[PDB]
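K.L.:
My questions will all concern the structure given below.
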Amino acid sequence: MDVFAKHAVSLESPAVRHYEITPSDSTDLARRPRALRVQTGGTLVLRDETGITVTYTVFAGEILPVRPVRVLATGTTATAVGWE
Amino acid sequence: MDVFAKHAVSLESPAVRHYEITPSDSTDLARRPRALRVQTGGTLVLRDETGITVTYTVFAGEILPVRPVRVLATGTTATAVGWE
Amino acid sequence: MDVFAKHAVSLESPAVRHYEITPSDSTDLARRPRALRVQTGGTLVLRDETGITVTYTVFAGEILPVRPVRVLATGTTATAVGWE
Amino acid sequence: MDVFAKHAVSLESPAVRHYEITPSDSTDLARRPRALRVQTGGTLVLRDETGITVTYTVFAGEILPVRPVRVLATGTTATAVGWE
Amino acid sequence: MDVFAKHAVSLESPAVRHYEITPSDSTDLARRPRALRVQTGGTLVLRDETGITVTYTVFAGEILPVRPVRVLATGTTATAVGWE
Amino acid sequence: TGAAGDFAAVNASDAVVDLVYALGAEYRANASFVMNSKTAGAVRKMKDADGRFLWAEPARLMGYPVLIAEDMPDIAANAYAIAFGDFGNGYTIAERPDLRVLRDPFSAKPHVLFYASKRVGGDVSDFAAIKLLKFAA
Amino acid sequence: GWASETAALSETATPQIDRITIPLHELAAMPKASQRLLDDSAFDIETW
Amino acid sequence: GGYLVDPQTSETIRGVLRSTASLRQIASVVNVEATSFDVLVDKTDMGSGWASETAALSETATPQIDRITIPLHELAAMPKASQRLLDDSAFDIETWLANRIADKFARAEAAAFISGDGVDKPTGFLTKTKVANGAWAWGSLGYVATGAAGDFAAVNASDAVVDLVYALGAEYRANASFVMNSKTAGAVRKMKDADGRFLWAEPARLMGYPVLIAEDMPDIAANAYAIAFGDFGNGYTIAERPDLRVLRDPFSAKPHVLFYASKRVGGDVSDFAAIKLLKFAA
Amino acid sequence: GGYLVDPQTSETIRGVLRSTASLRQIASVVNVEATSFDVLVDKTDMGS
Amino acid sequence: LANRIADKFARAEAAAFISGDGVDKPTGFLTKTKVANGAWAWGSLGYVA
Amino acid sequence: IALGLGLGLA
Amino acid sequence: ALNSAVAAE
């Protein structure tokens, strides 16, 4: 029983569905996430829809509100789970 | 006396009612929370309405804005209190 | 001179007025706060309008967006200041 | 070139203009800030428009979304920069 | 496949496009960012559209929701990536 | 609609807007939603993320009439609880526009035992003019 | 067709026809009233 | 006894009611019984001086003229109805086909006014050598691009539309209209603000200007032009013969009737400044 | 036989349609057949 | 030509009604020595920034 | 992201 | 609108 059903889920709203991401490198994500809950600390790389992709020196419990298209595997040492 | 009565409580709004969660592992939560205030550190598992359920390596004072349907007890070593 | 006067103060908006809370344990708060800026670390207890009251193992600089009716004094070892 | 021009700057929106605050103690702030980016750690005191003023045991990188009228100098050991 | 397409990207919304910033000192940023994901810790300087520019003693994983026009290079010891 | 019980969790109000635009601009000239009472209520209880209602006497919805027909199924597992279409062409009713009553003072003797029976019938005539909204997936 | 000037226009399609039957059923109600009531009950019970 | 029933038939043979939105209700229809319509436009303007008292006026420029040729092609259908049917079929088949043929013509020429090429069909305004607006010439339609390749812009959505409106000139906007298909007006209706409540508040108007829901504009593709906006009352001229010449031929296929119906219709853009488009490229 | 057709010209010569929003329809137009016009306004008011 | 000149005149006199100066053409309402509103005299047009 | 107090995602 | 023999036409 959710009292917050019939509310529209916006981008600023909390995470409704989650899925662990695997750094495919060559294909985009199946769904692009609103945020990334990082599982373990490390460096991981993220790509926009514009190709600009950079490396993030992320921390373990860090949750970063970036919305990526593709997560590559070359510089990725940190596993994450995408929130949506 | 609340001056913020007559304001609608949205998903992004602060927590109005709280309840400690027990990892039933076979039944859903009585109310699904907007967020989880973690009581003690550990790993705990959370399920969407889509079944995707993953494990979160959460920290003690961490408050994670994920909205789960069921909190299982198999991998759960961290007690939490749900916010709503 | 505030340029953000004539803006309505919502629940998600920053804190306009603050007041230090004392754990009365028998009376409700004079105003219920939007959030609690914790002064010193410890455990403190908070009650909803539904009576559900639990204990929070809070940290020193932690600021927790829970909106309580009554702050009791039995398990309260942490002083806070309410934001509104 | 800002793509987010023509968007109205609300209270919840990011900081557009910043200014370092000096604890005058006898005059109000020239502009009251939406938040306070703390420069160095310490204790600093903040006053509402209601006079309630308390002391905050703030930390170095802490950013606290309180909107004060006057920042006094008696208990202030922490320098901040106001965001607006 | 994004389920949150057709949603308008506001200032409070998560980061859609990112770009690493270089402290030009003499020219403005190509796009002014909504926030700054700091890459490595240090001090870095940021300028408004009003010229007020101050120095921020930022930390490594810190993400600061300030919206600057120009990032100068004189006091900048911390590399960042702008979010937008 | 997406979810099996109710509207889509991620983005509702789109299973309604594509239900409208799944008809054709000719049948949308005069079409109308058909719901029961507690469904138009569940549509009106729909609020966006801020808490305001997304759909702001004939109970018109999105500019089109609404017929509160108490006989449609409610929101359920696989129910078609909301139908939208142009029934002026889609559903043909064949009837006799009079009620024939026969009072019968003979069968039950101290009573009168009226007997009234109009004749009516009808099914769909244009399958292209009625679109439904299944709540399953 | 978008016929040309010199094209020797050939046959074109023809809409096919479907007939739908409406069996036109009937709907019956048989209420029973006492003859004593129909005489003593100034409201017209016949027409009610 | 069941043989004594004789089910009653309809009065008129009904039919599936397909879309009649044809761009013909907003464009400039001109009845001409010729082989071409030559509309004359003035692609330029005059000059004025604010003369003095002793100015000794010189020549002021005179508008130069452009001629557009509407080739006025034709559209023909020939349904072969049997003769045993035409007399045994208490409905009126002769006037049903004529009513049904004119329906198919108003629906086949509707697609030609939009995406019709030049070969024996009206040149739709979408095949008119589109140029990016701002670098606008006279022999081309000016478009504004949205941003991302597939959908609208990722950040300032609905701003590629609100400037598409204000890129058309103050005088054509007085009576203009959007043109989309059913699947694009849905993709526009689903656009929603940062909260989820869609940001666009019987003509199905958008931003106050009417919307003609065609069914023949391209979908929202990589570089398609799914949304057009302009004063087609001045921007598009239709030339036609406002009748339907039905020649029934009981001669060729002898035991049949072989109705030969044909209308003549044409049309190109008359004013390249009166129609603005929306490309989804960049 | 294509020389025998003679395309039909329009009835009137159309033109590119330019903005007629002139500020003339919201101002006070006064027909004056002279070299000048002298409006006489009162830049102040009386006192009670 | 008369329909086309009467148009160009309605469009050339409309430009002078806004930004046209005094020389041989109507003085538009923009060329009237604007002064900040609050410091509003009579021989000037008030504006807000 | 920005200066609200709301337990939200961003 | 074809042969009156085949019912579908």
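Naming scheme: A, B, ... for chains in displayed order of the structure tokens; residues 1 onward per chain; ligands 1 onward as shown.
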The coordinates of chain E, once least-squares superposed on chain A over all sequentially paired C-alpha atoms, should be supplied as a short mmCIF file (atom, residue, chain, number, x, y, z; two decimals) with N, CA, C and O atoms, in the first residue's frame.

P.N.:
data_model
loop_
_atom_site.label_atom_id
_atom_site.label_comp_id
_atom_site.auth_asym_id
_atom_site.auth_seq_id
_atom_site.Cartn_x
_atom_site.Cartn_y
_atom_site.Cartn_z
N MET E 1 0.83 -1.19 0.00
CA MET E 1 0.00 0.00 0.00
C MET E 1 0.87 1.24 0.00
O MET E 1 1.51 1.55 0.99
N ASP E 2 0.88 1.95 -1.12
CA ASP E 2 1.61 3.20 -1.24
C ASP E 2 0.63 4.37 -1.22
O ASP E 2 -0.29 4.43 -2.04
N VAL E 3 0.83 5.28 -0.28
CA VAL E 3 0.02 6.49 -0.26
C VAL E 3 0.48 7.48 -1.31
O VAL E 3 -0.29 8.35 -1.72
N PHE E 4 1.71 7.33 -1.81
CA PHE E 4 2.21 8.21 -2.86
C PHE E 4 2.05 7.64 -4.25
O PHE E 4 2.68 8.13 -5.18
N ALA E 5 1.22 6.61 -4.43
CA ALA E 5 0.74 6.32 -5.76
C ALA E 5 -0.19 7.44 -6.21
O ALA E 5 -0.71 8.21 -5.39
N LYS E 6 -0.40 7.52 -7.52
CA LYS E 6 -1.05 8.57 -8.31
C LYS E 6 -0.21 9.84 -8.37
O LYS E 6 -0.64 10.80 -8.99
N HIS E 7 0.97 9.88 -7.74
CA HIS E 7 1.92 10.96 -7.91
C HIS E 7 2.81 10.67 -9.11
O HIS E 7 3.27 9.54 -9.27
N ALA E 8 3.06 11.68 -9.92
CA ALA E 8 3.94 11.51 -11.06
C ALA E 8 5.39 11.44 -10.60
O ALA E 8 5.83 12.22 -9.76
N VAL E 9 6.12 10.48 -11.15
CA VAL E 9 7.52 10.27 -10.81
C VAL E 9 8.35 11.21 -11.68
O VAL E 9 8.47 11.01 -12.88
N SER E 10 8.91 12.25 -11.07
CA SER E 10 9.73 13.20 -11.80
C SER E 10 11.20 12.81 -11.71
O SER E 10 11.57 11.77 -11.15
N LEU E 11 12.06 13.66 -12.28
CA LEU E 11 13.50 13.41 -12.21
C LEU E 11 14.03 13.67 -10.81
O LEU E 11 14.99 13.04 -10.37
N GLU E 12 13.41 14.61 -10.10
CA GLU E 12 13.89 14.97 -8.77
C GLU E 12 13.35 14.01 -7.72
O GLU E 12 13.74 14.06 -6.56
N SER E 13 12.40 13.15 -8.11
CA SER E 13 11.73 12.26 -7.18
C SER E 13 12.64 11.09 -6.81
O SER E 13 13.63 10.84 -7.49
N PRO E 14 12.35 10.38 -5.70
CA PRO E 14 13.19 9.24 -5.31
C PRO E 14 13.16 8.09 -6.30
O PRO E 14 12.33 8.03 -7.21
N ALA E 15 14.08 7.15 -6.11
CA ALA E 15 14.29 6.08 -7.07
C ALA E 15 13.20 5.03 -6.96
O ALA E 15 13.02 4.41 -5.91
N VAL E 16 12.50 4.79 -8.06
CA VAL E 16 11.43 3.81 -8.11
C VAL E 16 11.95 2.43 -8.47
O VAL E 16 11.69 1.46 -7.76
N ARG E 17 12.70 2.32 -9.56
CA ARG E 17 13.26 1.05 -9.99
C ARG E 17 14.77 1.16 -10.10
O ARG E 17 15.30 2.20 -10.50
N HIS E 18 15.46 0.10 -9.70
CA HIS E 18 16.91 0.05 -9.74
C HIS E 18 17.36 -1.16 -10.55
O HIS E 18 16.61 -2.13 -10.67
N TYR E 19 18.58 -1.10 -11.07
CA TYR E 19 19.16 -2.17 -11.85
C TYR E 19 20.66 -2.01 -11.81
O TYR E 19 21.17 -0.90 -11.94
N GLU E 20 21.38 -3.11 -11.59
CA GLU E 20 22.83 -3.03 -11.59
C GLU E 20 23.33 -2.88 -13.02
O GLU E 20 22.79 -3.47 -13.95
N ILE E 21 24.35 -2.04 -13.19
CA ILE E 21 24.88 -1.72 -14.51
C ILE E 21 26.14 -2.54 -14.73
O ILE E 21 26.92 -2.76 -13.80
N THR E 22 26.30 -3.03 -15.95
CA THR E 22 27.55 -3.64 -16.35
C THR E 22 28.20 -2.77 -17.42
O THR E 22 27.51 -2.34 -18.35
N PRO E 23 29.48 -2.50 -17.30
CA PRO E 23 30.14 -1.63 -18.28
C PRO E 23 30.36 -2.32 -19.62
O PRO E 23 31.36 -3.01 -19.82
N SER E 24 29.37 -2.21 -20.51
CA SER E 24 29.41 -2.93 -21.78
C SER E 24 30.51 -2.42 -22.70
O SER E 24 31.10 -3.20 -23.45
N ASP E 25 30.71 -1.09 -22.65
CA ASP E 25 31.76 -0.36 -23.41
C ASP E 25 31.27 -0.08 -24.84
O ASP E 25 31.50 1.05 -25.33
N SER E 26 30.59 -1.05 -25.46
CA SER E 26 30.28 -1.01 -26.88
C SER E 26 28.81 -0.77 -27.16
O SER E 26 28.48 -0.35 -28.28
N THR E 27 27.93 -1.01 -26.20
CA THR E 27 26.52 -0.74 -26.34
C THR E 27 26.10 0.25 -25.27
O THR E 27 26.74 0.35 -24.22
N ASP E 28 25.01 0.96 -25.53
CA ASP E 28 24.47 1.87 -24.53
C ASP E 28 23.77 1.09 -23.43
O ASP E 28 23.59 -0.13 -23.50
N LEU E 29 23.39 1.81 -22.38
CA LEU E 29 22.60 1.20 -21.32
C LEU E 29 21.19 0.91 -21.83
O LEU E 29 20.70 1.59 -22.74
N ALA E 30 20.57 -0.12 -21.27
CA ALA E 30 19.21 -0.48 -21.65
C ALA E 30 18.23 0.61 -21.25
O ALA E 30 17.35 0.99 -22.02
N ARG E 31 18.38 1.11 -20.03
CA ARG E 31 17.71 2.33 -19.59
C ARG E 31 18.77 3.27 -19.04
O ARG E 31 19.67 2.83 -18.32
N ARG E 32 18.68 4.54 -19.39
CA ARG E 32 19.64 5.44 -18.79
C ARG E 32 19.15 5.82 -17.40
O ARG E 32 17.95 6.06 -17.22
N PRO E 33 20.00 5.80 -16.38
CA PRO E 33 19.51 5.98 -15.02
C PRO E 33 19.45 7.45 -14.65
O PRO E 33 20.15 8.27 -15.23
N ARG E 34 18.60 7.77 -13.67
CA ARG E 34 18.61 9.13 -13.14
C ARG E 34 19.85 9.38 -12.30
O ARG E 34 20.42 10.47 -12.33
N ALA E 35 20.27 8.38 -11.53
CA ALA E 35 21.46 8.52 -10.71
C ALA E 35 22.19 7.20 -10.66
O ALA E 35 21.70 6.17 -11.13
N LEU E 36 23.39 7.23 -10.08
CA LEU E 36 24.21 6.05 -9.91
C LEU E 36 24.55 5.87 -8.45
O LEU E 36 25.31 6.67 -7.88
N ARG E 37 24.00 4.84 -7.84
CA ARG E 37 24.43 4.39 -6.52
C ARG E 37 25.68 3.56 -6.74
O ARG E 37 25.63 2.51 -7.39
N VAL E 38 26.81 4.03 -6.22
CA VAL E 38 28.07 3.34 -6.44
C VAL E 38 28.15 2.20 -5.43
O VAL E 38 27.84 2.38 -4.25
N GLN E 39 28.51 1.00 -5.89
CA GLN E 39 28.63 -0.12 -4.98
C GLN E 39 29.98 -0.13 -4.28
O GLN E 39 30.05 -0.08 -3.05
N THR E 40 31.07 -0.18 -5.04
CA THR E 40 32.40 -0.19 -4.46
C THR E 40 33.23 0.94 -5.05
O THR E 40 32.96 1.39 -6.17
N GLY E 41 34.20 1.42 -4.29
CA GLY E 41 34.93 2.61 -4.69
C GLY E 41 35.89 2.32 -5.83
O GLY E 41 36.33 1.19 -6.03
N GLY E 42 36.20 3.36 -6.59
CA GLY E 42 37.14 3.23 -7.69
C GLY E 42 36.97 4.39 -8.65
O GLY E 42 36.41 5.43 -8.31
N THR E 43 37.46 4.18 -9.87
CA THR E 43 37.24 5.11 -10.96
C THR E 43 36.32 4.45 -11.97
O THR E 43 36.49 3.26 -12.26
N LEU E 44 35.35 5.20 -12.48
CA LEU E 44 34.49 4.70 -13.54
C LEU E 44 34.20 5.82 -14.52
O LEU E 44 34.23 7.00 -14.17
N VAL E 45 33.94 5.44 -15.77
CA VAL E 45 33.82 6.37 -16.88
C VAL E 45 32.37 6.40 -17.35
O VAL E 45 31.68 5.37 -17.32
N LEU E 46 31.90 7.57 -17.75
CA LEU E 46 30.50 7.76 -18.10
C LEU E 46 30.40 8.64 -19.34
O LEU E 46 31.13 9.62 -19.47
N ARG E 47 29.46 8.31 -20.22
CA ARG E 47 29.30 9.01 -21.48
C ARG E 47 27.93 9.66 -21.55
O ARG E 47 26.92 9.05 -21.17
N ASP E 48 27.89 10.90 -22.02
CA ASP E 48 26.67 11.63 -22.29
C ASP E 48 26.01 11.14 -23.57
O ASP E 48 26.40 10.13 -24.17
N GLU E 49 24.99 11.88 -24.00
CA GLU E 49 24.49 11.69 -25.36
C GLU E 49 25.29 12.51 -26.36
O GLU E 49 24.99 12.51 -27.55
N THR E 50 26.31 13.22 -25.89
CA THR E 50 27.13 14.07 -26.75
C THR E 50 28.56 13.53 -26.89
O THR E 50 29.36 14.04 -27.67
N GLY E 51 28.90 12.45 -26.19
CA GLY E 51 30.16 11.80 -26.49
C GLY E 51 31.32 12.27 -25.64
O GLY E 51 32.43 11.75 -25.73
N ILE E 52 31.07 13.27 -24.79
CA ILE E 52 32.08 14.06 -24.07
C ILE E 52 32.93 13.25 -23.07
O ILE E 52 33.91 13.78 -22.53
N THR E 53 32.64 11.95 -22.93
CA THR E 53 32.91 11.08 -21.77
C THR E 53 34.20 11.33 -20.99
O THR E 53 35.29 11.46 -21.55
N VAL E 54 34.06 11.42 -19.66
CA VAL E 54 35.16 11.67 -18.75
C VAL E 54 35.24 10.54 -17.73
O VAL E 54 34.39 9.66 -17.69
N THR E 55 36.27 10.61 -16.89
CA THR E 55 36.50 9.65 -15.82
C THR E 55 36.14 10.31 -14.50
O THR E 55 36.52 11.46 -14.27
N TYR E 56 35.44 9.59 -13.63
CA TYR E 56 35.09 10.09 -12.31
C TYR E 56 35.82 9.28 -11.25
O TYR E 56 35.72 8.05 -11.22
N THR E 57 36.54 9.97 -10.37
CA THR E 57 37.21 9.31 -9.25
C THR E 57 36.21 9.21 -8.10
O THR E 57 36.20 10.01 -7.16
N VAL E 58 35.35 8.21 -8.19
CA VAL E 58 34.21 8.15 -7.29
C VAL E 58 34.59 7.42 -6.00
O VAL E 58 35.63 6.75 -5.91
N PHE E 59 33.76 7.57 -4.98
CA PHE E 59 33.95 6.91 -3.70
C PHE E 59 32.86 5.88 -3.52
O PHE E 59 31.94 5.80 -4.34
N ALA E 60 32.98 5.06 -2.47
CA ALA E 60 32.21 3.83 -2.26
C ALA E 60 30.72 4.15 -2.13
O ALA E 60 29.94 3.77 -3.02
N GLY E 61 30.32 4.81 -1.04
CA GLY E 61 28.88 5.06 -0.81
C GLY E 61 28.38 6.27 -1.58
O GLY E 61 27.20 6.63 -1.41
N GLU E 62 29.23 6.85 -2.44
CA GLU E 62 28.85 8.10 -3.16
C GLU E 62 27.67 7.85 -4.10
O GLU E 62 27.67 6.81 -4.79
N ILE E 63 26.71 8.78 -4.15
CA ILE E 63 25.56 8.67 -5.09
C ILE E 63 25.52 9.96 -5.92
O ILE E 63 25.27 11.03 -5.34
N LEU E 64 25.77 9.85 -7.23
CA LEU E 64 26.06 11.00 -8.05
C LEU E 64 24.95 11.21 -9.06
O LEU E 64 24.64 10.31 -9.85
N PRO E 65 24.30 12.37 -9.05
CA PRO E 65 23.10 12.59 -9.87
C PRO E 65 23.43 12.99 -11.30
O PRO E 65 23.06 14.06 -11.78
N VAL E 66 24.15 12.12 -11.99
CA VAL E 66 24.49 12.31 -13.39
C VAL E 66 23.73 11.25 -14.18
O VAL E 66 23.45 10.16 -13.66
N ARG E 67 23.32 11.60 -15.39
CA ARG E 67 22.39 10.78 -16.16
C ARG E 67 23.09 10.33 -17.43
O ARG E 67 23.00 11.03 -18.45
N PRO E 68 23.81 9.21 -17.42
CA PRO E 68 24.68 8.87 -18.55
C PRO E 68 24.00 8.00 -19.59
O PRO E 68 23.05 7.29 -19.29
N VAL E 69 24.50 8.04 -20.83
CA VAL E 69 23.99 7.13 -21.85
C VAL E 69 24.73 5.80 -21.80
O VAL E 69 24.12 4.73 -21.76
N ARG E 70 26.06 5.85 -21.78
CA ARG E 70 26.88 4.65 -21.84
C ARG E 70 27.92 4.69 -20.73
O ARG E 70 28.52 5.74 -20.48
N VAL E 71 28.13 3.55 -20.08
CA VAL E 71 29.19 3.39 -19.10
C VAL E 71 30.23 2.46 -19.69
O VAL E 71 29.96 1.27 -19.90
N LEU E 72 31.41 2.99 -19.97
CA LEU E 72 32.43 2.19 -20.62
C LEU E 72 33.20 1.36 -19.59
O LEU E 72 33.06 1.56 -18.38
N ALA E 73 34.01 0.43 -20.08
CA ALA E 73 34.70 -0.54 -19.25
C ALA E 73 36.21 -0.35 -19.21
O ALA E 73 36.88 -1.11 -18.51
N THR E 74 36.75 0.60 -19.97
CA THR E 74 38.20 0.74 -20.05
C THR E 74 38.77 1.27 -18.74
O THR E 74 39.64 0.64 -18.13
N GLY E 75 38.28 2.41 -18.28
CA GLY E 75 38.72 2.97 -17.03
C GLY E 75 37.86 2.63 -15.84
O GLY E 75 38.07 3.21 -14.76
N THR E 76 36.91 1.72 -15.98
CA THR E 76 35.94 1.45 -14.92
C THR E 76 36.52 0.43 -13.95
O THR E 76 36.74 -0.73 -14.30
N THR E 77 36.76 0.87 -12.72
CA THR E 77 37.16 -0.01 -11.63
C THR E 77 36.11 -0.04 -10.52
O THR E 77 36.32 -0.72 -9.51
N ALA E 78 35.01 0.68 -10.69
CA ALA E 78 34.00 0.83 -9.65
C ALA E 78 32.67 0.30 -10.18
O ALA E 78 32.19 0.76 -11.22
N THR E 79 32.09 -0.65 -9.47
CA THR E 79 30.77 -1.14 -9.84
C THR E 79 29.70 -0.24 -9.26
O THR E 79 29.85 0.30 -8.16
N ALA E 80 28.61 -0.08 -10.00
CA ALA E 80 27.52 0.79 -9.59
C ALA E 80 26.20 0.09 -9.85
O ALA E 80 26.14 -0.96 -10.49
N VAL E 81 25.14 0.67 -9.31
CA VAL E 81 23.77 0.27 -9.60
C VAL E 81 22.99 1.52 -9.98
O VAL E 81 23.03 2.52 -9.26
N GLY E 82 22.35 1.49 -11.14
CA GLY E 82 21.64 2.66 -11.60
C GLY E 82 20.27 2.78 -10.94
O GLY E 82 19.59 1.79 -10.70
N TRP E 83 19.89 4.02 -10.64
CA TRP E 83 18.60 4.33 -10.04
C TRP E 83 17.72 5.04 -11.05
O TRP E 83 18.21 5.82 -11.88
N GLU E 84 16.43 4.77 -10.98
CA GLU E 84 15.49 5.29 -11.96
C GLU E 84 14.09 5.32 -11.38
O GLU E 84 13.32 6.25 -11.64
#

K.L.:
Would you please extract all alpha helix (DSSP H) residues from chain J, as assigned by DSSP on the backbone, and give them as a list in words?

P.N.:
residues 2, 3, 4, 5, 6, 7, 8, 9, 10, 11, 12, 13, 14, 15, 16, 17, 18 and 19 of chain J

K.L.:
Can you check which parts of chain G lie within 12 Å of range 100-121 of chain F? Per residue, the shortest pair of atoms and distance in Å to one decimal, counting only C-alpha atoms, sorted by chain and number, as a Markdown table.

P.N.:
| residue | atom | partner | partner_atom | distance |
| --- | --- | --- | --- | --- |
| G:21 | CA | F:121 | CA | 9.9 |
| G:22 | CA | F:121 | CA | 6.1 |
| G:23 | CA | F:121 | CA | 6.3 |
| G:24 | CA | F:121 | CA | 4.0 |
| G:25 | CA | F:121 | CA | 5.4 |
| G:26 | CA | F:119 | CA | 3.9 |
| G:27 | CA | F:117 | CA | 5.2 |
| G:28 | CA | F:117 | CA | 4.1 |
| G:29 | CA | F:116 | CA | 5.4 |
| G:30 | CA | F:115 | CA | 4.3 |
| G:31 | CA | F:114 | CA | 5.5 |
| G:32 | CA | F:113 | CA | 4.0 |
| G:33 | CA | F:112 | CA | 5.5 |
| G:34 | CA | F:111 | CA | 4.1 |
| G:35 | CA | F:111 | CA | 5.1 |
| G:36 | CA | F:111 | CA | 8.0 |
| G:37 | CA | F:111 | CA | 9.1 |
| G:38 | CA | F:112 | CA | 8.9 |
| G:39 | CA | F:112 | CA | 11.7 |
| G:45 | CA | F:114 | CA | 11.1 |
| G:46 | CA | F:114 | CA | 8.9 |
| G:47 | CA | F:101 | CA | 10.6 |
| G:48 | CA | F:114 | CA | 11.8 |

K.L.:
What does the file look like for those residues with N, CA and C atoms, as a CSV table (one decimal), in the first residue's frame?

P.N.:
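The result, stored in out_38.csv:
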chain,number,residue,atom,x,y,z
G,21,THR,N,-25.4,-8.4,-38.1
G,21,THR,CA,-26.8,-8.6,-37.8
G,21,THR,C,-27.0,-8.2,-36.3
G,22,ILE,N,-28.2,-7.6,-36.0
G,22,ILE,CA,-28.5,-7.2,-34.7
G,22,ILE,C,-29.8,-8.0,-34.2
G,23,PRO,N,-29.6,-9.1,-33.5
G,23,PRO,CA,-30.7,-10.0,-33.3
G,23,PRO,C,-32.0,-9.4,-32.7
G,24,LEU,N,-31.9,-8.2,-32.1
G,24,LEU,CA,-33.0,-7.5,-31.5
G,24,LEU,C,-33.8,-8.4,-30.5
G,25,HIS,N,-33.2,-8.6,-29.4
G,25,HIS,CA,-33.8,-9.4,-28.4
G,25,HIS,C,-34.9,-8.6,-27.6
G,26,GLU,N,-35.5,-9.2,-26.6
G,26,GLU,CA,-36.5,-8.5,-25.8
G,26,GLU,C,-36.2,-8.6,-24.3
G,27,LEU,N,-36.8,-7.7,-23.6
G,27,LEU,CA,-36.5,-7.5,-22.2
G,27,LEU,C,-37.8,-7.4,-21.4
G,28,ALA,N,-38.1,-8.3,-20.5
G,28,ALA,CA,-39.4,-8.5,-19.9
G,28,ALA,C,-39.4,-8.3,-18.4
G,29,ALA,N,-40.4,-7.5,-18.0
G,29,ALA,CA,-40.6,-7.3,-16.5
G,29,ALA,C,-42.1,-7.7,-16.3
G,30,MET,N,-42.3,-8.4,-15.2
G,30,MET,CA,-43.7,-8.8,-14.8
G,30,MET,C,-43.9,-8.5,-13.3
G,31,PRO,N,-44.3,-7.3,-12.9
G,31,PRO,CA,-44.6,-7.0,-11.5
G,31,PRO,C,-46.1,-7.4,-11.3
G,32,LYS,N,-46.3,-7.7,-10.0
G,32,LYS,CA,-47.7,-8.1,-9.6
G,32,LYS,C,-48.2,-7.1,-8.5
G,33,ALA,N,-49.4,-6.5,-8.8
G,33,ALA,CA,-50.0,-5.6,-7.9
G,33,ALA,C,-51.4,-6.2,-7.5
G,34,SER,N,-51.8,-5.9,-6.3
G,34,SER,CA,-53.1,-6.4,-5.8
G,34,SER,C,-54.2,-5.5,-6.3
G,35,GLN,N,-55.3,-6.1,-6.8
G,35,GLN,CA,-56.4,-5.3,-7.3
G,35,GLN,C,-57.0,-4.4,-6.2
G,36,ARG,N,-56.9,-4.8,-5.0
G,36,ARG,CA,-57.3,-3.9,-3.9
G,36,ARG,C,-56.5,-2.7,-3.8
G,37,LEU,N,-55.2,-2.8,-4.1
G,37,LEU,CA,-54.4,-1.6,-4.0
G,37,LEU,C,-54.7,-0.6,-5.2
G,38,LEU,N,-54.9,-1.2,-6.4
G,38,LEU,CA,-55.1,-0.3,-7.5
G,38,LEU,C,-56.3,0.5,-7.5
G,39,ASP,N,-57.2,0.2,-6.5
G,39,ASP,CA,-58.5,1.0,-6.4
G,39,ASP,C,-58.4,1.9,-5.2
G,45,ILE,N,-51.2,3.9,-9.8
G,45,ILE,CA,-50.3,2.9,-9.8
G,45,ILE,C,-50.1,2.2,-11.1
G,46,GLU,N,-51.1,2.2,-12.0
G,46,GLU,CA,-51.0,1.7,-13.3
G,46,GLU,C,-49.8,2.4,-14.0
G,47,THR,N,-49.9,3.8,-14.1
G,47,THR,CA,-48.8,4.5,-14.8
G,47,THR,C,-47.5,4.6,-14.0
G,48,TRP,N,-47.5,4.4,-12.7
G,48,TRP,CA,-46.3,4.4,-12.0
G,48,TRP,C,-45.4,3.2,-12.3

K.L.:
With 9 Å as the cut-off and only C-alpha atoms counted, what is the closest atom pair between each nearby residue of chain K and chain B? Distances in Å to one decimal, ordered by chain and number, as JSON lines.

P.N.:
{"residue": "K:5", "atom": "CA", "partner": "B:14", "partner_atom": "CA", "distance": 7.3}
{"residue": "K:6", "atom": "CA", "partner": "B:14", "partner_atom": "CA", "distance": 5.0}
{"residue": "K:7", "atom": "CA", "partner": "B:65", "partner_atom": "CA", "distance": 6.3}
{"residue": "K:8", "atom": "CA", "partner": "B:12", "partner_atom": "CA", "distance": 5.2}
{"residue": "K:9", "atom": "CA", "partner": "B:65", "partner_atom": "CA", "distance": 5.9}

K.L.:
Residues at most 8 Å from range 20-32 of chain I, counting only C-alpha atoms, excluding those fewer than 4 positions away in the same chain, as JSON, numbers by chain?

P.N.:
{"H": [170, 171], "I": [36, 37], "J": [7, 10, 11, 13, 14, 15, 17]}

K.L.:
Would you mind reading off the distance between CA of residue 220 in chain H and CA of residue 152 in chain H, one decimal, in Å?

P.N.:
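Distance reported for this atom pair: 9.1 Å.
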